[PDB]
Structures are given as structure tokens and as C-alpha cells.
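Protein chains in written order, with the authors' numbering: chain Q, 3 to 27, 30 to 91, 96 to 105; chain P, 1 to 52, 52A, 53 to 82, 82A to 82C, 83 to 100, 100A to 100D, 101 to 111; chain K, 1 to 52, 52A, 53 to 82, 82A to 82C, 83 to 100, 100A to 100D, 101 to 111; chain B, 33 to 58, 63 to 141, 150 to 184, 189 to 309, 312 to 323, 323A, 324 to 398, 410 to 503, 522 to 546, 572 to 683.
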Ligand SMILES: *[C@@H]1O[C@H](CO)[C@@H](O[C@@H]2O[C@H](CO)[C@@H](O[C@@H]3O[C@H](CO[C@H]4O[C@H](CO[C@H]5O[C@H](CO)[C@@H](O)[C@H](O)[C@@H]5O)[C@@H](O)[C@H](O)[C@@H]4O[C@H]4O[C@H](CO)[C@@H](O)[C@H](O)[C@@H]4O)[C@@H](O)[C@H](O[C@H]4O[C@H](CO)[C@@H](O)[C@H](O)[C@@H]4O)[C@@H]3O)[C@H](O)[C@H]2NC(C)=O)[C@H](O)[C@H]1NC(C)=O
Ligand SMILES: *[C@@H]1O[C@H](CO)[C@@H](O[C@@H]2O[C@H](CO)[C@@H](O[C@@H]3O[C@H](CO[C@H]4O[C@H](CO)[C@@H](O)[C@H](O)[C@@H]4O)[C@@H](O)[C@H](O[C@H]4O[C@H](CO)[C@@H](O)[C@H](O)[C@@H]4O)[C@@H]3O)[C@H](O)[C@H]2NC(C)=O)[C@H](O)[C@H]1NC(C)=O
Ligand SMILES: *[C@@H]1O[C@H](CO)[C@@H](O[C@@H]2O[C@H](CO)[C@@H](O[C@@H]3O[C@H](CO[C@H]4O[C@H](CO)[C@@H](O)[C@H](O)[C@@H]4O)[C@@H](O)[C@H](O)[C@@H]3O)[C@H](O)[C@H]2NC(C)=O)[C@H](O)[C@H]1NC(C)=O
Ligand SMILES: *[C@@H]1O[C@H](CO)[C@@H](O[C@@H]2O[C@H](CO)[C@@H](O)[C@H](O)[C@H]2NC(C)=O)[C@H](O)[C@H]1NC(C)=O
Ligand SMILES: *[C@@H]1O[C@H](CO)[C@@H](O[C@@H]2O[C@H](CO)[C@@H](O)[C@H](O)[C@H]2NC(C)=O)[C@H](O)[C@H]1NC(C)=O
Ligand SMILES: *[C@@H]1O[C@H](CO)[C@@H](O[C@@H]2O[C@H](CO)[C@@H](O)[C@H](O)[C@H]2NC(C)=O)[C@H](O)[C@H]1NC(C)=O
Ligand SMILES: *[C@@H]1O[C@H](CO)[C@@H](O)[C@H](O)[C@H]1NC(C)=O
Ligand SMILES: *[C@@H]1O[C@H](CO)[C@@H](O)[C@H](O)[C@H]1NC(C)=O
Ligand SMILES: *[C@@H]1O[C@H](CO)[C@@H](O)[C@H](O)[C@H]1NC(C)=O
Ligand SMILES: *[C@@H]1O[C@H](CO)[C@@H](O)[C@H](O)[C@H]1NC(C)=O
Ligand SMILES: *[C@@H]1O[C@H](CO)[C@@H](O)[C@H](O)[C@H]1NC(C)=O
Ligand SMILES: *[C@@H]1O[C@H](CO)[C@@H](O)[C@H](O)[C@H]1NC(C)=O
Ligand SMILES: *[C@@H]1O[C@H](CO)[C@@H](O)[C@H](O)[C@H]1NC(C)=O
């Protein structure tokens, strides 16, 4: 029902990552990060609210039925797979490299 | 302090049935939902179902109805996911998850270690 | 609701003894006085006695003193009227009665079915 | 030139939660569901409609539901507490199938289940034969009771009945219950028409899992209540326009007998079944249920796509409480299989009863607590009920990608939904009587929507309602504390007397000016309190400083000793010799 773009995002350290997510339903959108080999962890919920322990680097804001995840000054703990989530519906996921 | 501990490392061939246990601790087990998530490499994540352990009420994802069962033990705070009629497309890591709070359960801060299953 | 239930139809000869039960229900059996009335055609109504089934206290009428005993089983909620040396003039219908309220005893509102006794 | 004035008792509302006390209309009845801590009800004497008020009602987050859940749980536990424990009955039973005299199938799965037991004298023992339902007994043919290895079982006292008795919930002094009288009120939104009521409309504690029974009915049409119906987790409550009559029964004579398990303790069990062993059943008229499902389908089609195919289905899984309709009838607990009434499919657009099988358990663990259970004693004779299926609880099977089909299943397990179905209209509002307004002086609950100045003419009545186990004492003490706080603040401002008090504080333009023309003419007090809520602390502080400290100093000993014929000496100088 929802999707996200780009499928793969090839960036270098220190650059800013932007990931877009298109939704066809009204509902709060959460963003999750998956480190390769570990369980995924929530990075933000309700579109713009951060989970506990997440630095200020992660943020997001948008208008209309679209959402944006912005990640400034990428660090080594980044470069996972980033998932959209609506009411028990996920996106295909964006792999940041 | 909320912790979810999963048993795993299972390998199954097509046609077999499988069971995963998920022990929950650090919070009142009864009053808060659990959800099951299937993450496969290269596929979209699939939500498998939710379980309310107070009455054991279970909601299965529509594509998997007739295959999935979820039960629970409250005296030993465990949630059991049983999946039947495995196929090659069921290879994935299975997670037991709970929301940030027990009013809006979709904000899954708390995830288990993850149970790999290879078929 | 208040109900008093008796068992009757006794047929006796002169000189024999008789026992009539009166099961009380609805009101708290141990918090209200019972009375035993005798009715018959021709002769007046006669009061037999009162029973306070907490201490078991009893008061008998003067014509019947030495012949009439009253007992109470608080666990079956059952009063008992025992009469000795029954004779022809005691042929009558016996009532187990309770007052309208438990403060004034002589407003007999609650009467049982009645217990015929033919000597 | 408009300056501050202080009003006490203006009608305004804060949505704070509070403890709400009992109100139950007035010996056999005292056995059941009544702790006689509950005052007799007045005959709905004060239902003051409020005209032109728009209040936000949210059924899903109201403290009355949680308070009622706690109160009903405590009532149940208090009723059970002075009753015989069945810890002696956790013994090894040798069970055999019920005697059909041939190999005929046992119906209801009754099992003979002899055991050794105890008696009043500690030394002796008494073999007992007692038919137990198979759901109650678990194997270890050696058999034991279901709950022995987890929880102690407390028998319900034999005389005690469980039939629902209406309970009216009435707010304490200083808090007023607001009822939303709007028809077609889906439970979460602005309510066009509100009324103030002292006591709720006698809510009946009735415990039913899938299908609500004996509840209140809607006036116009079926109503579908759910917060975020898109969400799968949240239960869809359904209030039905027309009652559907369910006729329920156990057809067994059920010869009951008693034994004494100890000093002053008795155990009641099924000695025998005189008649044929027959299954318990519940009948629902097929045509009535078909029409009811059609109406529910229409209201559900409104929320989802109009083209969508709405399909019902049996409950997917859970405990026997969740998976099957649970309810008590005449003191006997029925678990009825609703798959007969929910397996239809509705595609986009008689005198035969759907008979639901029912199984009866004696050992009930209701409220789903850990470590507790209750043995319901068997009831002699055939039992019947004629309940009305006034409401339903549903949940939508989720996770589907595209596709027009929506699967709805019976749901439950959490009993808060039952009481949400009845307490949806009610809200609890605190009364914050104090208020501050502009005026040129410069020196119950009715008419809430009436503009300012109309309120003042009736002001006193609100001041009359204020001031009127452990939680009730806390409620009363907090009411007294709130009243003393309000009176102390009134005194510190110089307004020791209640009602209108005028004070010399200039109405600053910063404090939400508003033009000071329609404020008093066209507007009600609540919208004002919405406007000036943020500035209220500054106004209170300035009131205290201006007409309490400065007024004390300019009416301190100043003017106490007034003898001044040579006043203003630094001006008596100014025309002492200047005139010369
Ligand atoms: C289930 O629960 C969820 C919450 O968990 C509920 O979802 C919320 O529903 C409400 C309505 O009940 C939604 O408000 C409506 O949203 C519409 C769009 O609002 C978003 O976008 C606008 C900007 O839109 C402009 O641009 C659009 C694209 O060109 C265009 O289509 C539109 O017309 C406008 O020109 C933002 O200003 C607004 O903040 C909001 O932002 C969304 O996206 C961002 C992404 O970053 C996210 O942060 C936000 O949370 C949100 O997702 C809009 O149609 C509608 O406006 C109507 O009302 C206004 C009143 O001011 C009126 O001016 C206008 O004419 C319309 O009548 C309204 O605002 C709300 O966004 C939903 N929130 C979420 C989180 O999903 C859901 O309703 C509930 N379901 C049920 C059944 O109860
Ligand atoms: C939804 O609401 C309906 C409608 O009220 C309820 O149906 C009632 O169910 C109760 C029991 O659950 C019924 O009350 C019981 O009826 C039995 C028959 O009563 C006999 O005696 C009375 C004397 O007044 C006569 O009028 C009547 O004709 C019969 O001769 C009795 O078994 C019960 O009384 C006995 O047990 C109780 C213990 O509870 C004792 O207090 C009594 O002293 C006595 O020993 C009792 O009266 C009632 O009749 C039903 N109403 C009807 C048919 O209209 C549903 O129960 C309710 N649904 C749910 C799920 O709660
Ligand atoms: C769900 O709704 C469905 C649609 O109405 C129901 O499915 C139908 O259920 C019937 C009953 O089983 C199926 O079988 C029919 O039954 C009789 C013959 O049954 C005989 O044997 C049974 C033994 O159990 C006995 O009880 C009966 O009295 C009979 O003696 C015939 O009339 C038919 O030929 C047919 O075989 C139907 O096939 C089935 N229909 C469909 C379209 O699937 C279903 O019962 C509903 N479920 C519930 C729980 O109510
Ligand atoms: C008390 O006994 C019950 C019944 O044996 C235990 O529950 C499970 O029952 C199922 C029924 O199919 C068995 O397959 C399981 O093996 C039982 N569990 C166990 C651990 O044996 C229940 O767990 C027991 N309670 C406690 C607290 O141990
Ligand atoms: C449960 O089994 C017992 C033992 O077989 C049955 O009790 C017997 O009942 C028969 C028929 O009424 C009597 O003649 C015997 O004297 C009883 N035996 C004893 C040892 O008491 C009992 O009837 C069975 N339960 C039923 C039929 O519900
Ligand atoms: C409620 O009754 C229905 C009656 O059909 C039962 O449905 C059966 O469920 C079993 C369980 O696997 C299936 O094998 C049958 O095919 C079902 N029958 C039909 C016609 O669909 C249901 O199991 C009962 N529920 C409970 C809790 O006893
Ligand atoms: C009782 O009946 C069941 C079927 O419900 C059967 O399997 C079992 O063998 C029977 N047991 C005895 C002791 O007769
Ligand atoms: C009851 O106790 C006696 C004591 O001798 C024992 O032999 C017998 O097996 C017990 N009976 C049952 C039915 O458990
Ligand atoms: C119906 O409920 C929805 C939420 O599902 C709410 O937004 C809306 O205001 C309600 N409608 C009314 C009260 O008319
Ligand atoms: C149960 O059996 C007794 C035996 O005396 C009989 O009087 C009674 O009517 C029976 N009960 C029913 C409901 O038929
Ligand atoms: C239920 O019983 C009543 C009488 O108590 C009868 O009028 C009604 O038709 C019955 N309803 C059903 C659905 O069997
Ligand atoms: C009766 O039920 C059938 C089958 O579910 C349905 O097609 C029909 O519309 C219903 N009739 C009504 C509600 O009048
Ligand atoms: C059941 O429905 C009928 C018909 O509307 C109604 O008169 C009756 O009062 C209802 N029963 C109860 C117990 O509310």
C-alpha cells in the first residue's frame, strides 16, 4: 500500500542521506533502522518524533501524504537498511551504502 | 529494562512445522500486546500477527491464515508462534516485538534478538 | 419476600405427642421473633407462645404451660412446636406467624400455610 | 476605563479524573453484587440540559471505565472472600465416562470422577462420587482438577446469586458528570447537545465476551464505534438498534448433593442426572440475526469502501472465554459456540432458529487474573434465560495487501469494552469556580452556554454544590482542600466575601484585550476561560500585589490616627510666606 525510494542510496561518510516514503493511507509513519546482523531498532515514530537514545542527527518532516527521513553527517553506525512502517504495513526498505 | 529473549537457530525442510518461543520480561506481560515480524533478505517485511496474552486473543495476517497459530503461557511469561507447511519462501528472521506503549502498539521500540529460520 | 413453610396433616389420638416444623426464609431468621397461633371454628383464636431464635428464648401461654415446648434450629432456619398430652380439644389448625416488622411483635403480617391437626 | 473584577462560581470545566461513588436503588437482593456501601438513588431529580455548548467527548480515554473495572473486580472479590476454599479438593480423582448403560456417546463430556475427600472430623474420610465436566478436569484413569497446579479455587457461596443489578455512578462534590444526549454519537468527537446529570443511568454489570447482553440500545440506527477503524488492534464496538432475543438453556435435571469438607465448610456437587444427558443450547432467530447483520454491514460499509465485500467469520483463536460467547445464566456459566452466527459473507448490493452449542464449566477464571479461580456451585433443575443481544464486539483481520474483502471476527478478552459500551456518553468534569473578567466598577450548572452576566445572576447555586473507603475519604478531603484553596486565594486578593468583588487592577492590553465590547455581551464564560487561561497566573499575582499588599499599606495605620490640620507641611511652606 506504501512504498519508499530510492531502493539503494550509495553515499560516502559525512554526507546527508534523504529517503522519501509515499503512503496511500492516513496513519502515523514510523522509521526503523536495521544494522546487518542485529535486530532492527526504531529511529523515529509519528513522522518526526525520535526514539530514546537516537541523536539529533536523525529527523524528518514533510507535507501531504509523503514523508522524508533526513540524516545529516553520516557516521559508522549508519549504513543499515531503513524501513517505513504504517499500521502493520512496511515498505520494501532502503539500503544505505 | 524491557527484554525479549528468543530461542532460535532452527533449520527445517519443506512440509515440517516449526515453533518459536519468546520470553518477555521487565514489564507486566499480561496487559501489553505482542507482534510477530518476518524479515527476509531481499523481500518486503511481512507482519505475521498480534497476540493479546490477557485472553490470548490472536489476529493473523490474512495471507497466512490457516497456517499460523499463536499461543502463550502466562505463568512462565512466554509467547509461542507455531507455523505449519513451511516452504522455500519462509526463510527469514522471525522477531517478537512490542510497541513503545500499550495504547499504540505499532511503535516497536522493543525487539527480540531474532530467530533465523532457513528452509 | 418473606415465607414461612409448614408440614401438616397430622392424625393423632388422645394422649399422643406431636411436632410441627416451620421453616423461615427471606428475612434473617435470627433477627425476628416468631409466634405460634391456634385457630379453630367456634372457639376463639388462642396464642400459644413466642420464640426468639437467637438465644432460643421462649414464652408459653398460661393454659399450655407444662404441655408445650418450642425449639429452634438456626442452621436449618426451622422453628419447632412440640405439644405433649394432645387431646380432643386441641383439634385445630396451627399457624407459624411473624410480625410486620421486627420491632413490634403483634402485627402479624406473615402467616404460613397452616397446619391442620385432627385428634 | 475597564479594570479587573473577580467572580467566584463561574461555570467552567476541567476534564480531570476523580473517584466516582455508588448509587444503587434499594434481603435476597443484598446477597448479589451489592456491598451495601451504596446510597439509594434519587429519581433522576437533576438533569440540567445545557443549551448551545460544544464539548469534546472521547469514550476511549475516560477514567470512569477504569474506575468501574476496578470497582467490579473488588465487588467480585469481596463477595468471594467469605466463602469456603476448595484447597482440600485438589486430590487425585479416578474418573470414568458417564453411564449411558451401553457404549453410547457421552454428551457434555460429564465424568464420574470419584475421590476420597475429608470430613468434619480430621481422622475420617468419605468417598464421594461427583459428575464433573471434562473441561474442568485434566488428566495426569487418574484425573485432577484443572486449576490445582496453578491457583487456589474459592467456591462461590451457595446462597449468593450473580444476576446483574444496576449501579449508578455519581460524581463527588465539586465534579459534575456531563452526558452527551446526541443520537448517532460515534463516541469520539464534539457533542452538539450536553446535559449535566448527577448519577449515570444505572449501568448493569453484565459479563459477556463476544456479544454484549442486556445493554442499552441506540435510538435511530446501528452505530459502529472505534478509534482508528483502520487500525486492526482496536476493537470495533457495535450498538444495535433492535434487540435480538437469545434463548439459552441447560437441559439437564442436575440432581445436586452436598458434603461437609470441614468444620463449617460445605461442598456442593452434581450427584446425578435424572433425565437424558443433553447438550446446552442457545437459540437466536435466523431472520432477526440476518437483518441485524445486514444493518451492521451497512454501517461498516460506510467506513470502508462502498464497493468492499464485508465477510464475517468465526473467532480465529484464544482461550475459551475469547473464542466463544461467555455468560452466566441463573448462576451457571455458559460458553457458547458462535461460529453458527458469524460465518456468512455479504457481497456488494424465517421462523427457524440458529442453535448454538454451549458447554458449561464449573471452574471459572473470569477477569483473566493470574493465580485465581472460582468454583461455581451447580444449580438444581433446568435453567433458562431470555437475554437481548444489544451489542457486538468485532475485530478486523488485518495485514491484507489490496483486495476488497474485509474479514470481521468476534473478539474480546478485555472486559473494559463491555462498560465502554454503556459509559460512552458520560464524561467527568471538575468545576474550577474562580474567574476574572473586565468591568467598569473599578472599586446546578445550567446556563453554561448562556453569555456572561447571565451566569452571575445564578452564581450562588454553583457555590452551593461545592463542599457537598480510603478513596472516598481521599475524595472528600481533597474536595475540602480545594474549597479551602479557593477561599484562601479569594481572601488574599481582598475578596473575602464571595460573589461579585471589584478590584483596582487596570486591565492591561497584554492580557488578551479582545476589544472589551463583545466579551460580556455575546460570549459565554467557557470560551473566555479558554482565552485567558495562560495569563491567569499573572492576573492572580497582580491581584495579590495590587489589592492586598498596596491596599494593606495604604489602609494600614494610615487613616487609623487622622488628626491633620497642618497637613502637607511641604506645601504649607509653599504658601506660608509666599502669600506675604
Ligand atoms: C487514524 O489516526 C490517524 C493518526 O494516527 C489519523 O490521521 C490524521 O487524519 C487527519 C484527519 O482526520 C489528517 O488531517 C488531514 O490531513 C490532510 C493532509 O494533512 C497533511 O498535509 C498537510 C498539507 O497538505 C497540503 O498538501 C497536500 C499535497 O499537495 C494536499 O493534498 C492538501 O490539500 C494540502 O494542500 C499538512 O499541513 C498537514 O500537517 C498534514 O501533514 C501530513 O503529512 C506530514 C508528513 O510529514 C505528517 O507530519 C503529518 O502528520 C501528516 O501526515 C488534509 O487533507 C486535511 O485538511 C483538512 O482539514 C483542514 C483543517 O485545517 C482544512 O484546511 C482542509 O481544507 C481539509 O478539510 C487534514 O488536515 C492528519 O494529517 C492525519 N494524521 C496522520 C499522522 O496521518 C486518521 O484520521 C485516523 N483515522 C480515522 C478514520 O479516524
Ligand atoms: C438479561 O436479562 C434477562 C431478563 O431479566 C435475564 O433473565 C432473567 O434471568 C434470571 C436468572 O438469570 C431469572 O430469575 C430467576 O428465575 C427463576 C424462575 O423464577 C421462579 O420463581 C419466581 C418467583 O418470583 C417466579 O416469578 C417465576 O415464575 C419462577 O417460578 C429462578 O430460578 C430464580 O429465583 C431463584 O434463584 C434466585 C437466585 O438467583 C433466588 O434469589 C430466588 O430466591 C430463587 O431461589 C430467579 O428468579 C429471570 O426470571 C430472568 N428473566 C426473565 C425470564 O424475564 C437474563 O439473565 C439477563 N442475561 C444475562 C446474561 O445476565
Ligand atoms: C457456514 O455456512 C455454510 C454455508 O451455509 C455452511 O456450509 C454448509 O454446511 C452443510 C452442513 O454440513 C454442508 O453439508 C450439507 O449437509 C447436508 C447433509 O448433511 C447430513 O449430514 C450431516 C452430518 O453432519 C447432518 O448433520 C445433516 O442433518 C444431514 O443429515 C445436505 O443438505 C447437503 O448436501 C450438504 O452436504 C454444506 O455442504 C455446506 N455448504 C457449503 C456451501 O459449504 C456451514 O455449515 C456453516 N457453518 C456453521 C458453523 O454454521
Ligand atoms: C498445569 O498443568 C497444565 C496441564 O498439564 C499445564 O499446561 C499445559 O497443558 C498442555 C495441554 O496440551 C500440555 O501440552 C503442556 O505440556 C502443559 N504444560 C506443561 C508445562 O506441562 C500448565 O502449564 C501447568 N501449570 C504450571 C504453572 O506449570
Ligand atoms: C457414577 O458411578 C457410580 C459408581 O458406579 C454410580 O453410583 C452407583 O449408582 C447405581 C445406580 O444408581 C447404584 O445402584 C449404586 O449403588 C451406585 N454405586 C455406589 C458405589 O454408590 C453413579 O450413579 C455414577 N454416576 C451417574 C450415573 O451419574
Ligand atoms: C465452533 O463450532 C464450529 C462448528 O463448525 C467449529 O468449526 C470447526 O472447527 C474445526 C477445528 O479445526 C474444523 O476442523 C471444522 O471443520 C470446523 N467446522 C466448520 C463447519 O467450519 C469450531 O471449531 C467450534 N469452536 C470451538 C472453540 O469449539
Ligand atoms: C471415554 O470416552 C472417550 C471418548 O470421549 C473414549 O476415548 C475413552 O476411551 C472412554 N473412556 C473410558 C474409561 O471408558
Ligand atoms: C481412597 O483411599 C483408599 C484408602 O484405602 C485407597 O485405597 C483408594 O484407592 C482411594 N480411592 C480412590 C477412588 O482414589
Ligand atoms: C467519528 O469518529 C471519528 C474517528 O473514527 C471522529 O474523527 C469523528 O469526529 C466522529 N464523528 C462524529 C462524532 O460525527
Ligand atoms: C427432576 O426430577 C425430579 C424427581 O422428583 C422431578 O420432580 C422434576 O420435575 C425433574 N425436573 C424437571 C425439570 O423435569
Ligand atoms: C424465546 O422464548 C420466548 C418466550 O420466553 C419466545 O416468545 C420467543 O419467540 C423465543 N425466541 C427464540 C428466538 O426462540
Ligand atoms: C439474508 O441472508 C442472506 C444470506 O446471507 C442475504 O443474502 C440476504 O440479503 C439476507 N436478507 C435480508 C437481510 O433481508
Ligand atoms: C428485550 O427486548 C424487548 C423488546 O425491545 C424489551 O422490551 C425488553 O425490555 C428487553 N429486555 C431487557 C432485559 O432489557
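All C-beta atoms in this analysis are idealised placements derived from N, C-alpha and C, irrespective of residue type, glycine included.
Nearest residue (CA-CA) to residue i, options the options
i: residue 265 of chain B; options: B/379, B/450, B/240, B/108; result: B/450
i: residue 83 of chain K; options: K/13, K/71, K/34; result: K/13
i: residue 239 of chain B; options: B/52, B/94, B/589; result: B/94
i: residue 522 of chain B; options: B/648, B/72, B/82, B/33; result: B/82
i: residue 74 of chain Q; options: Q/21, Q/14, Q/10, Q/6; result: Q/21
i: residue 7 of chain P; options: P/100A, P/98, P/89; result: P/89
i: residue 85 of chain P; options: P/44, P/94, P/51; result: P/44
i: residue 65 of chain P; options: P/52A, P/49, P/74, P/71; result: P/49
Three-state class that DSSP yields for residue i in the structure shown
i: residue 60 of chain P; result: coil
i: residue 649 of chain B; result: helix
i: residue 211 of chain B; result: coil
i: residue 225 of chain B; result: strand
i: residue 392 of chain B; result: coil
i: residue 110 of chain B; result: helix
i: residue 101 of chain K; result: strand
i: residue 387 of chain B; result: helix
i: residue 85 of chain K; result: helix
i: residue 574 of chain B; result: helix
Whole-angstrom C-beta distance between residue j and residue i, which should lie under 8 Å
i: residue 471 of chain B; j: residue 454 of chain B; result: 6 Å
i: residue 381 of chain B; j: residue 420 of chain B; result: 6 Å
i: residue 26 of chain P; j: residue 473 of chain B; result: That pair is no contact at about 23 Å.
i: residue 103 of chain P; j: residue 66 of chain Q; result: Contact flag wrong, Cβ pair sits at about 26 Å.
i: residue 54 of chain B; j: residue 215 of chain B; result: 6 Å
i: residue 9 of chain Q; j: residue 78 of chain Q; result: Their Cβ separation, rounded to whole angstroms, is 18 Å, which puts residue 9 of chain Q and residue 78 of chain Q out of contact at 8 Å.
i: residue 375 of chain B; j: residue 257 of chain B; result: 4 Å
i: residue 67 of chain K; j: residue 52A of chain K; result: Rounded, the Cβ-Cβ distance is 16 Å, inconsistent with contact.
Residue environment, residue i, which counts as buried when at least 16 other CB atoms sit within 10 Å
i: residue 47 of chain P; result: buried
i: residue 544 of chain B; result: buried
i: residue 69 of chain K; result: buried
i: residue 176 of chain B; result: buried
i: residue 96 of chain Q; result: buried
i: residue 61 of chain K; result: exposed
i: residue 66 of chain B; result: exposed
i: residue 235 of chain B; result: buried
i: residue 55 of chain Q; result: buried
Interfacial residues, the stretch 364-390 of chain B to chain P, with Cβ spacing under 7 Å: 365, 366, 367, 368, 370, 371
Residues of the stretch 427-446 of chain B whose Cβ lies closer than 9 Å to any Cβ of chain P, in chain order: So the list reads 428, 429, 430, 431, given in the order they occur along the chain.
Positions along the stretch 447-470 of chain B whose CB lies within less than 8 Å of some CB in chain Q: 458, 459, 461, 462
Contacting positions in the stretch 55-74 of chain P - beta carbon closer than 9 Å to chain B: 55, 56, 57, 58, 59, 60, 61, 62, 63, 64, 68, 69, 70, 73, 74
Residues in the stretch 255-282 of chain B having any Cβ partner in chain Q nearer than 7 Å: 278, 279, 280
Within 8 Å of chain B by C-beta, residues of the stretch 57-74 of chain Q in sequence order: none
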